[PDB]
């Protein structure tokens, strides 16, 4: 086992590949504390299930097998080249490779990519996955009801022949290749589409297919005999089989992982506290551990619709009075609490910049003079009473640190815990819940659904992205027409450097509003057993790229 033999070294899989190999064979033994959310490629949102989807299904574009920056740029997979952009970023054309096959030996055609995209529109039958494609492809004057309610194709998606697909968007969208790399755009042939039941027998265009799924118990993958290695620039497809054990307690999982009973943790939520201690303090175990950024941001939102948070000076007071050390310590410091940040973008993104509008003093513990001055400006010099919304666990400990921080300047906060299961949907994520319970501050964590500035920031701050019926991620309900207009400009800007500059302007404007208080970029500790080959943290996921892995002989 790993505790008795040294590994590649601390962080060896962060920005590089550990134990490179082309050796095929063996069974990759994976573990997760949770079952998949779905085996329908359109109905998944879990990051680790998206990783699993790289074994099961190909897409037009896919993130390349690359530990460096280029891993963030979608590469041709089923398509012969990247999307060809015409009409100002409004029309995207792809050409499909010829002769490709599903696991049942039937052909992949452009009709199947159109069908997959159409399926997304059937939210009454196929909820659970990303819906970015809907506003880009739906005609508001002639709405598309999905492929079960009409057999007329979506008018914005053309298939001039079996190997060509054309997407006619409602507006420019610079990041369209990224949407083609999401699993909901993996082809689904209509002939095999059993709708609500698709996850029970999905077709596979990837190097593996589902052999057995027992809910809460196991998922076994075997090779897809019709996948063609010569046609796949992404996937080495090394193991003969992949076996996922499901449902273990998270500490039980760490223990058995470190003991060698499983090879890798697919779920990828990192070592829990006990194993984090064990692993980071033992010389041999550190050699088997990577500590990447996950690209998640932990932050507090302030909601102008909840008095007195409508006043920019109240919001700035909170920013100045935040004890950044105490808050990081609540989330795992002094040594394991993520990476301190004063701005929003993760350093994976081109726009990432120095921005600290509200510095918290030479010790980062709060500038209380600045905070009090802001409170005087708000006409509340002695403070005020407010409520912070959170959920039990780590979010609660962070809320407590906020309470303690702000008490120093007379802002008296009461904590309101919301239902854990629905926190992101019906709790923090519902504008009516937030108003009903007076949640002027909210504690949350956010990861982009694709590794770009738009994917990361638009859902958090774009006025058009306020979700009035739940699942809202623009928590302050910021609707600044200048912010919105800048975002629009990025979407039709072809030059990546001009785009970065525009996004720097958006971020600065968002911080001027002071509605988001960034706390840390999250970090995690992944453990890798030394006999696993090709282990690397995928910069697009913050998790190991499962599909690239093999087994040493």
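Numbering follows the first chain given and starts at 1.
- Relative to one another, 211-219 and 173-181 have unequal mean CA B-factors, and 211-219 is the one with the higher figure.
- Between the stretches 263-271 and 343-351, it is 343-351 that shows the larger average CA temperature factor.
- Comparing C-alpha B-factors across 235, 435, 98, 119 in the deposited entry, the largest value falls on 98.
- Across 393, 147, 206, 440, the greatest Cα temperature factor reported in the deposited entry is at 393.
- Residue 243: CA B factor lies in the lowest third for its chain, per the PDB record.
- Residue 285 sits in the highest third of its chain by CA B factor, as recorded in the PDB entry.
- The entry lists a Cα temperature factor for residue 499 that places it in the highest third of the chain's modelled residues.
- Sort the modelled residues of the chain by CA B factor and residue 53 lands in the lowest third.
- Residue-level temperature factors show residue 158 in the highest third of its chain, judged at the C-alpha atom.
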